[PDB]
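A.B. asks: In the entry's author numbering, the protein residues as written are 1 to 117, 127 to 207. Structure below; questions to follow.
Written out as structure tokens, the structure is:
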């Protein structure tokens with residue numbers, strides 16, 4: 001299943017290098033989320049990251065950057081609830097209940113589902138799995154890590170979204186490098202691309 005990574009809410013030096021390094025290791029999709037931030041900073045980061053990885057990035061802010069930097073698409077959210085006037089491209093959003101995903105997933109390229117790890130139940134999750142409600146178009150989000158990654162693909166999720174379990178592996182000015190982040194990503198990607206689980 002796909003392994004989606006969400007950026008950190010704030011901008012930090014070396015972020016562009018780390019992101020590029022993650023793409024180089026096969027990062028499927030990158031969700032650019034920088035709440036309440038001057039567009040300027042988003043452009044700076046996007047400029048540093050190799051053009052060829054632009055169609056693998058979805059932005060939660062300043063939707064105009066979508067066509068400006070040839071991004072993949074946009075993710076509607078509380079602060080940015082609607083696509084631009086005559087937008088044409090990949091659109092996605094978050095849902096927070098089995099019902100929401102049910103009456104909305106077909107209106108998006110894919111949707112997020114959270115909090116998987127708390128408001129749902131492993132059992133109702135399985136019931137929603139057989140009902141085909143959850144499929145390759147729904148991405149699991151919320152409290153995902155190396156300990157429960159396999160449990161998610163077991164649910165039939167078309168992907169897993171991570172943020173903290175990944176970026177928390179790096180502390181600026183305290184670490185001499187970001188190896189731990191890249192090494193930990195490869196580990197998660199190996200579990201995600203690890204078919205056998207039956």
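Ideal Cβ placement from N, Cα and C applies to all residues, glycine included.
What number of angstroms, rounded off, separates the C-alpha of residue 174 from the C-alpha of residue 148?
C.D. replies: In the chain shown, counting from the first residue as 1, residue 174 sits at position 165. In the chain shown, counting from the first residue as 1, residue 148 sits at position 139. Cα-Cα distance, rounded: 16 Å.
A.B. asks: Taking DSSP as the reference, what is the three-state secondary structure of residue 78?
C.D. replies: In the chain shown, counting from the first residue as 1, residue 78 sits at position 78. Residue 78: coil per DSSP, three-state reduction.
A.B. asks: Would you mind listing the beta strand (DSSP E) stretches within the region 7–59 that are 3+ residues and don't spill past its ends, in chain order?
C.D. replies: As far as the region 7–59 is concerned, its whole beta strand (DSSP E) runs of at least 3 residues are 29–32 and 57–59.
A.B. asks: Measuring CB to CB, does residue 74 end up less than 8 Å from residue 98?
C.D. replies: The sequence position of residue 74 within the chain shown is 74, counting from 1. The sequence position of residue 98 within the chain shown is 98, counting from 1. No, the Cβ-Cβ distance between residue 74 and residue 98 is not below 8 Å.
A.B. asks: For a test of the three-state rule: what should DSSP assign to residue 90, helix, strand or coil?
C.D. replies: As a working note, residue 90 is residue 90 in the chain shown. Three-state result, residue 90: strand.
A.B. asks: For the alpha helix (DSSP H) containing residue 169, list its first residue and its last residue.
C.D. replies: Locating residue 169 in the chain shown gives position 160, counting from the first residue. Per DSSP, residue 169 belongs to no alpha helix (DSSP H); it is in the beta strand (DSSP E), 168–171.
A.B. asks: Residue 110 and residue 167: beta carbons closer than 8 Å?
C.D. replies: Numbered from its first residue, the chain shown carries residue 110 at position 110. Numbered from its first residue, the chain shown carries residue 167 at position 158. For residue 110 and residue 167, yes; Cβs fall inside 8 Å.
A.B. asks: How many angstroms separate the CA atom of residue 138 from the CA atom of residue 195?
C.D. replies: Counted from its first residue, the chain shown places residue 138 at position 129. Counted from its first residue, the chain shown places residue 195 at position 186. Roughly 27 Å between the two C-alpha positions.
A.B. asks: Within its chain, find whatever has a CB closer than 6 Å to the CB of residue 172; leave out the 5 residues flanking it on each side and keep chain order.
C.D. replies: Counting from 1 along the chain shown, the entry for residue 172 is found at position 163. 6.
A.B. asks: Can you tell me which residues form a DSSP beta bridge with residue 2?
C.D. replies: Position 2 of the chain shown holds residue 2. Paired residues: 168.
A.B. asks: If we ignore side chains and look at the alpha-carbon of each, how far apart do residue 64 and residue 207 end up?
C.D. replies: Along the chain shown, read from residue 1 onward, the residue named residue 64 stands at position 64. Along the chain shown, read from residue 1 onward, the residue named residue 207 stands at position 198. The alpha-carbon atoms of residue 64 and residue 207 are separated by roughly 44 Å.
A.B. asks: Going by DSSP in three states, residue 158 sits in which element: helix, strand or coil?
C.D. replies: Within the chain shown, the letter at position 149 stands for residue 158. Helix at residue 158.
A.B. asks: Residue 22 to residue 187, Cα distance in whole Å?
C.D. replies: The sequence position of residue 22 within the chain shown is 22, counting from 1. The sequence position of residue 187 within the chain shown is 178, counting from 1. Straight-line Cα distance between these residues: approximately 11 Å.
A.B. asks: Over the uninterrupted beta strand (DSSP E) stretch that includes residue 194, give me the two end residues.
C.D. replies: Within the chain shown, numbered from 1, the residue matching residue 194 stands at position 185. Premise fails: residue 194 lies in the alpha helix (DSSP H), 188–201, not in any beta strand (DSSP E).
A.B. asks: When DSSP labels each residue in this structure, what does residue 65 get in the three-state scheme?
C.D. replies: Within the chain shown, residue 65 is the residue found at index 65, counting from 1. Of the three classes helix, strand and coil, the one that applies to residue 65 here is helix, per DSSP.
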